[PDB]
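Quick setup: the structure tokens below cover two forms of a single protein chain, split into structure 1 and structure 2.
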Structure 1
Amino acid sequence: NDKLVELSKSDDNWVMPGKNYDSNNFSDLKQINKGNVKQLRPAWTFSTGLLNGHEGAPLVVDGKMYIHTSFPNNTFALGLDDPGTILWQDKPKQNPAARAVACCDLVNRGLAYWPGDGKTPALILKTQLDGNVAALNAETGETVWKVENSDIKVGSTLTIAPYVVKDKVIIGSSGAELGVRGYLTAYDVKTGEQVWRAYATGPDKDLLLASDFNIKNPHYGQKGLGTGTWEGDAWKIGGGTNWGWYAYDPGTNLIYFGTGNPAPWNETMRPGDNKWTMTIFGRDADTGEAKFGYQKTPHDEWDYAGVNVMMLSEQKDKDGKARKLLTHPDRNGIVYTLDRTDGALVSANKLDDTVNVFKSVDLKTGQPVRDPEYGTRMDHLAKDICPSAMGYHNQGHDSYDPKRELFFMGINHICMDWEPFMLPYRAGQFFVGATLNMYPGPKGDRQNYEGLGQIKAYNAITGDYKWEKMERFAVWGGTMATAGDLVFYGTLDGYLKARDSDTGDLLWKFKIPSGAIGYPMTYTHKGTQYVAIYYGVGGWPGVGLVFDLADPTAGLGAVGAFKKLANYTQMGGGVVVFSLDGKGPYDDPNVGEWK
């Protein structure tokens, strides 16, 4: 938009997931710096009234705070002058049959904002888990239009956040575990009519490829690979759903995203290359035609998912030429960086030195080098597969510091054992399956099931890490960097921690009612800086506490891995807002009382 960028520049607003179109989560505020961090105490808090996982961050626009929820998908609007009063609320009525189709937990990942032209007022864009998309008035709270994008009966669930580009809103899809073909849709933001829609597998008509697809790098693939790489009509149920984060560039007018894993989970039933699955796409916005696509893991057999966050930057390469780049972590233990204009590959590095599923990645051809010993399809027990199906990264939102040129990220430390088996039965009937176990890695403590996390600062061009530090459980969430030598993050123990940018030493930690799986955000109201975060535990690591399970093998082995989380935290949900010295709106006690 020609107006949302200017709103993004100001320090009083948080307009979109990622705070800007580069998705770097960087603020330029220095009122809270290393001189004064010991005085960070809470200012005010609210409780949603729900007991599940809370993901994402609130929105702060023109003196108002917008808060979203878990399964009922409620929405609240609050005024920053008098937080205790609720301006308006939206509580939908929905069939309680969509809980049986959710993969892992009832979650949502944010809202969207549209400023509007002179005629149509500003709008708030919202998605429901049933498969509905709605637009609400930002000042009163009615409904202008509402449509449907997913079908519950087939098994399509929608938990991704909307994303607004120019005059259009982009919607994704989820539910690949049930064998749902993935697609991306664009809608008009004023009325609700459909503009374009694209798929991941099938005939080239459905994919909407451009006439110059991958012209700079012919060895990635040109045409006819959406059906040829599959055998038969498997691509109708192939999968490849995107449920992560987007990026946008106005100069190239491009949208960048990724795609998920194929279906079914058995690699023998789908023999081929499974093209345009787990692929980085850069597409156009007005027509939706694809400009480039790169494959990371061809013919996956460990159940990974490349739908992580991508971060745009501008840096000078080894030869000294300035270039525009995108950086992308992945679940297989490799972080990639690519050219934003044509799609050339600059570097690919290893997250940790204990990865043994890939020996290296060849830059000239783009094909990774595999280790046969630590692979599946070996027909017997396989030991010490690092990383596991959870991966070293997930749906969190890392941070980027441009003045220092560093990436701040949180990494898991989990390893897996795979045991296949086959059991016969009466009349030509056999059952094939796999038992999976997860456990801490070599640098942790396997006896006591602790030491399952790390936090690191990384440089892409050189490849070396400035510092790395250890944690108790995984950092299921994101980080956020400020102007003055500071980074913030949250932990499933129920802690908010503030660290040091150049040395990594611990500087501050506080305890919140429940563990956090979101990312912190910051803003200013009137000469005062506030830092806000959600609380409420859930997601994949919290599946054993939400449903009260005791079998170690439940949840593919997540119950066994996180068996010690029960004696550190419980469920909850809400928002907490911190400030220096805890000063806030109610400093004078005679504000907001009756008469």
Structure 2
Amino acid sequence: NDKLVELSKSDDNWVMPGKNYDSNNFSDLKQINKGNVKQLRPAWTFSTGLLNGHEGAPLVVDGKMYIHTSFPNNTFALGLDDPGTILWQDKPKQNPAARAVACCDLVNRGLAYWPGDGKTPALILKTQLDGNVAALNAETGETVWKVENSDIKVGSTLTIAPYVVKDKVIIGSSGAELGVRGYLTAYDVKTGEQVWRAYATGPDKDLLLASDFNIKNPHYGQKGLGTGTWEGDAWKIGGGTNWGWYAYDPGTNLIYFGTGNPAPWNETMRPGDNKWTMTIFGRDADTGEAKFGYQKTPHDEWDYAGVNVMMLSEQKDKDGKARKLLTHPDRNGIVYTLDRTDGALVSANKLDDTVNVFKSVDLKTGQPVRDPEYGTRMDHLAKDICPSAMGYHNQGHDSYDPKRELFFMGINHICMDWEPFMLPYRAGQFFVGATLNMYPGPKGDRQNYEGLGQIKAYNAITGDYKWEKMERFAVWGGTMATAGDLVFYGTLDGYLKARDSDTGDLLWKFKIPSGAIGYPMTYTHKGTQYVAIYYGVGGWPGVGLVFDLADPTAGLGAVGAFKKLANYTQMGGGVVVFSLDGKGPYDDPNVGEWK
């Protein structure tokens, strides 16, 4: 859209996840800085009434705040002058089977906002776990249109958030990835009719590729590889679902994203490269045609997933010419930096010096260099593989500082083991499986199970780290940087912390009711800056706490690595808002009282 850019330039609004089409999480407000960071105290709080994980950040547009919860995916609207009153709420009635299929994961990403033209009003776009997509009025809260996208019987359940580009809404797919492949769909935002669909694996007609696909880099793979890499008709169960974030560039009219991992998990049953799975894509918004694609890990064996966040910037390269760049972290431990006009490889580096799954990434060819000692092979003790299945990076949304040209990231510190096994049975039957263990890395301690995460500042071109800091538990949710020389982030211990953007000294810390797996947001209402954050624990780190599991092997070793989380936090869910000196709407106590 063109209205959304102007809305995002203002400091009173937070319109889309990432706050921009560049996905920066950067704010130009400098009311809160290093001088007066000690005086931050809460202004108000709100409770949603559910016990699961709460992800994403709330949206603030035109003096209202919109809050979304986990299953069963409720929605609330609040007014910033009188936060006590709820303007409207949406509580859906879903099919009972929906919880049965996907009881393991009950979370959601966020909401979408469309300003609307003169004829049609502004819209809030949301998705449900049952597999439905709905549009609601912003002021009142009725339903304008509702469509069905996925099928529960196959096993596909929705967790993603929609993306609004021009007059279109873009929706991916997610689910159990057992016997179905992934696809991307574009709908009209006013009516709900389907414009275009794209597939990850299959023939060229289903891929919907362009005429100049990968013209600049022909060695990345050009044509016919959707079915050539796979053996037989395996691509009908290949997988490749995407549940990450998006980026959009008005100048080139492209949307950038990345695809998921292939299926089944047994690397023996799917020989080949499995092309266009774990691939960075840039697709046209109007027609859906792909302009370039780049594959990261051919023939994945460690059950990773390349569905992390994309970021955009404009910087000078080593030669000394200005270039437009996209940066992508990945779970395998490699950060990629590409050109978002053709797709040329500019940089590829390692997040930490304790990566053993790969030795280096070749820039000329793009093929990673593998170390076979840390691979997965049958009848062997694959020990001390760094990272684990969780990976160094995960679903959080990192931050970028345009003035300092620095990326602020939160990186896991976990290393795993792997042991296959085969068990025979009565009449020509056998079971093949693998057992996994997870433990902290070298920089922490393994006896007490502490030191599972760190926070870093990174430079894309040169590759240096300005500072490095450790944490008790893994950072999960993302960071938010401000122009007052501050970086804010939340911790699974139930803390919100602010650090200096130059050296990294800790300046302010507060105790929230429960842990946070989202990212903070900032805004201003009337000459006053407010910082809001969710609280609630769930997902992989909280599986043992949520479902009351005590077996180390349960949850693919998540319970064992996070066995000490129950000594610091409990369950909950809600939102908390901070401001300087606690100044807020209810400074005059007579406001909002019955009369």
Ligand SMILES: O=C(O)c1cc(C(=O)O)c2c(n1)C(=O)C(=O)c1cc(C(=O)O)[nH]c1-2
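Rigid core (definition): largest C-alpha set, two forms, superposition within 1.5 Å. Structure 1's sequence is the ruler for residue numbers, which start at 1.
Enquirer: Decide which single structure shows the form solved without pyrroloquinoline quinone, answering 1 or 2.
Expert: That would be structure 2.
Enquirer: State which of the options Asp105, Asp206, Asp303, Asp339 undergoes a Cα shift of 2 Å or more between the two structures, taking the core as fixed.
Expert: One residue passes the 2 Å cut-off, namely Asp105.
Enquirer: After lining up the core, report the Cα displacement of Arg426 between the two structures in Å, one decimal place.
Expert: Taking the core as reference, the C-alpha of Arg426 is shifted 1.4 Å.
Enquirer: Superposing on the core, what C-alpha displacement does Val180 show between the two structures, in angstrom?
Expert: After core superposition, the C-alpha of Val180 moves 2.5 Å between the two structures.
Enquirer: Cα shift of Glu6 between the two structures after core superposition, in Å?
Expert: Its alpha carbon moves by 0.3 Å.
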